[PDB]
Amino acid sequence: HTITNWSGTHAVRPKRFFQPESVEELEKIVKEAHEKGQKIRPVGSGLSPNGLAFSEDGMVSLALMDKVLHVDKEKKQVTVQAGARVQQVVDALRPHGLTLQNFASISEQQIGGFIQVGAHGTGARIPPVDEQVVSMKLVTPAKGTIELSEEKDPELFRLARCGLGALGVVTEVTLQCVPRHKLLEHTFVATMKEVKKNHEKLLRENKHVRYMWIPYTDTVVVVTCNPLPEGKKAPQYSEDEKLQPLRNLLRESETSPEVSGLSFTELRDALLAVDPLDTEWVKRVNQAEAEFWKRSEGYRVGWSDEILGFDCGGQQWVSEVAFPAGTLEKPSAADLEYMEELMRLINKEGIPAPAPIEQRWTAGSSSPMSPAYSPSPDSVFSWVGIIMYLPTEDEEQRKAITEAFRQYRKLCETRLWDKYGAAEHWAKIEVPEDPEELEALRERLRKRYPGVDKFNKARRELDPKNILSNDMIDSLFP
Ligand SMILES: Cc1cc2nc3c(=O)[nH]c(=O)nc-3n(C[C@H](O)[C@H](O)[C@H](O)COP(=O)(O)OP(=O)(O)OC[C@H]3O[C@@H](n4cnc5c(N)ncnc54)[C@H](O)[C@@H]3O)c2cc1C
Ligand SMILES: O=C1O[C@H]([C@@H](O)CO)[C@@H](O)[C@@H]1O
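Calculation criteria
- Residues numbered from 1 in each chain as written, not as in the entry; some residues may be left out.
- Chains lettered and ligands numbered in written order.
- Heavy atoms only, no water.
- Residues with missing side-chain atoms left out of burial classes, pairs and counts.
- Core = buried A, V, L, I, M, F, W, Y, C linked by side-chain atoms within 4.5 Å.
- Buried < 20%, exposed > 50% of the residue type's maximum accessible area, 1.4 Å probe, protein only.
- Helix = DSSP H or I, 4+ residues; strand = E, 2+ residues; numbered from the N terminus.
- Domains from an automatic or database assignment.
- Contact = heavy atoms within 4.5 Å.
- Pairing = 2+ DSSP bridges.
- Near = heavy atom within 4 Å.
- Polar contact = N/O pair within 3.5 Å; in protein donor to acceptor, adjacent residues only side chain to side chain.
- Areas by Shrake-Rupley, 256 points an atom, 1.4 Å probe, with all protein chains shown as cover.
- Axes fitted to C-alpha atoms, helices over the stretch in contact; angles between N-to-C directions.
- Parallel < 35°, antiparallel > 145°, perpendicular 65-115°, else oblique.
- Left-handed = near helix turned anticlockwise from the far one by under 90°.
- Nonpolar A, V, L, I, M, F, W, Y, C, P; charged D, E, K, R; others polar.

Caption draft 1: Region of interest: the nonpolar core. The biggest cluster of nonpolar side chains holds 91 residues, and the ones touching the most others in it are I111, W426 and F477. With seven residues, the single largest contributor to this core is helix α8 (residues 279–294). When residues are assigned to domains, this core turns out to be shared by domain 1 (62–180) and domain 2 (182–432), each giving three or more. In contact with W426, other than residues within four places in its own chain, are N50, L52, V117, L164, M369, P371, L445, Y449 and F477. If you look at the next biggest cluster of nonpolar residues, it comprises 42 residues, including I346, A404, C412 and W417.

Below you can see the structure in the form of structure tokens.
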């Protein structure tokens, strides 16, 4: 049984692979692996871009433990087995009139894997998902099955719920839901100047805001979503006219066959496949994409779970950092300054950077390991995601792009992250081979994360034989 991540950038053939159907079966596996000193890294859907959950030695999946256990109608709360995919939870909650406060760009993540990395959506007043956990059960190699909440060892709770699978196997999570509700989604394009003008008010007056930045253009795609006051309503280009700049650029007879079945994101892939690391060509692809978005202005209505998802396109390298951008009441220009510099940087160095650079916002988290950890609840973090696509399975083309991206992320590390106090998404952080880079990263982590000594303390205590951790965890936290 091989496990491969979403983008096929990491795979693992674990010597031992468990898939219990019950807590009792899980408890027994962890007791025996404790006794025998055998590795058992928790794995959810295995999607993490950086293979965080992977172990050559042993992995345990709770995929078969995926029921909604309890819905507290009054407090709008759901208790669910960790192996439930976010999508299974949404479907289950449908009849009870509830949804999650936020969704990621996909919903194939297990609830366990979702909370253990502090995954997030967008909305300057909405925390990452780890802040939405009211309680959890956790099978530990030292103390068996323990229960954590604000009431029950609140300090361990806040450490554990965003634990990177290093503190125990989550079996059960209770989540603070909200009423199931429709969103009105408004997509429109702006210039940086137009973005700057309205930004401060836009974040604060719209429930969800997302900017898709298009390198080597002055097109920013703005997507706002707000609840629809019950029974409210809402140029207009065909699909063929929207896709026309991309089809014309690919065909370069008058027409296009086979191509016409390709979606917007499949066209971008086929276009980048042509000369992925040629900047002049990527400038041409990003311009064609800007034209597509300019022809895609308008409104959509759907349940929040349908609206808050995004087509992320083909296999890819991603890097996403969270950095402080003030609070609700004291705005910071840092989120827009970061993007100015990032665009200036990409031109300065001729980076063949495709679109989009995704920019989102979350409220702060009380979880000490959250990239958006803050002591103040009304802090605001901007998250900025850079991307390079792997549009084919040409092993040589994928190697060149892997290196291209390594240097792109490396230029953001050296020039921006320290300056802006940026922390890497736990599912997207890669471990340097160069020990100078590796020490540098550990130094960066001690800077971002003050409670790192408490995380290792909690590991010694709950996982003394260290069967829950892999080379990644040990290399990041020694
Ligand atoms: C296309 C795509 C889009 C994405 N969009 C977003 C996004 O919008 N926002 C965002 O924040 N993230 C996003 N991600 C990242 C994603 O949410 C995380 O990688 C998430 O951790 C994946 O869930 P999983 O079930 O695959 O977890 P895995 O990768 O399987 O595991 C993640 C972590 O959880 C631990 N773990 C898993 N199950 C358990 C358990 N039961 N008990 C204890 N520890 C456990 C693992 O050991 C590991 O540390 C995206 C990823 C992809 C590929
Ligand atoms: O990992 C991730 O990839 C998505 C990306 O493809 C956006 O262009 C992003 O939403 C998510 O965090």
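Caption draft 2: Structural view of the pairing of strand β6 (residues 68–72). Note that β6 and strand β7 (residues 77–81) share four bridges and pair antiparallel. From the neighbouring strand, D72 faces β7, where its bridge partner is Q77. Where β6 hands over to β7, the hairpin turn is made up of four residues, of which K76 adopts a positive phi near 50 degrees.

Caption draft 3: Seen up close, the pairing of strand β9 (residues 133–140). For β9, a buried count of six out of eight residues is recorded, marking the element as mostly surrounded by other parts of the structure. Across six bridges, β9 lies against strand β11 (residues 169–176) in antiparallel orientation. The residue bridging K137 from the neighbouring strand is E172, located in β11. Inspection of the sheet shows β9 paired to strand β10 (residues 144–149) by six bridges, in the antiparallel sense. Counterpart to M136 in the pairing with β10 is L148.

Caption draft 4: A look at the site of ligand 2. As a matter of local geometry, ligand 2 sits amid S105, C312, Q316, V318, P356, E358, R360, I387 and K428. The separation between an oxygen atom of ligand 2 and a polar side-chain atom of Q316 is 2.9 Å. In isolation ligand 2 exposes 320 Å². Once the protein is present, 87% of that is buried. Mapped by element, the contributors of at least two residues to the shell around ligand 2 are β17 (316–327) and β18 (357–363).

Caption draft 5: Structural context of the packing of helix α5 (residues 192–205) against helix α10 (residues 334–348). Between α5 and α10, whose axes approach to 10 Å, the crossing angle comes to 155 degrees. As far as their axial angle goes, α10 and α5 are roughly antiparallel. Both α5 and α10 take part in a crossing whose hand is right-handed. Judged by residue contacts, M192, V195, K196, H199 and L203 of α5 engage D335, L336 and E340 from α10. Split into classes, the residues belonging to the contact of α5 with α10 amount to four nonpolar, one polar and three charged.

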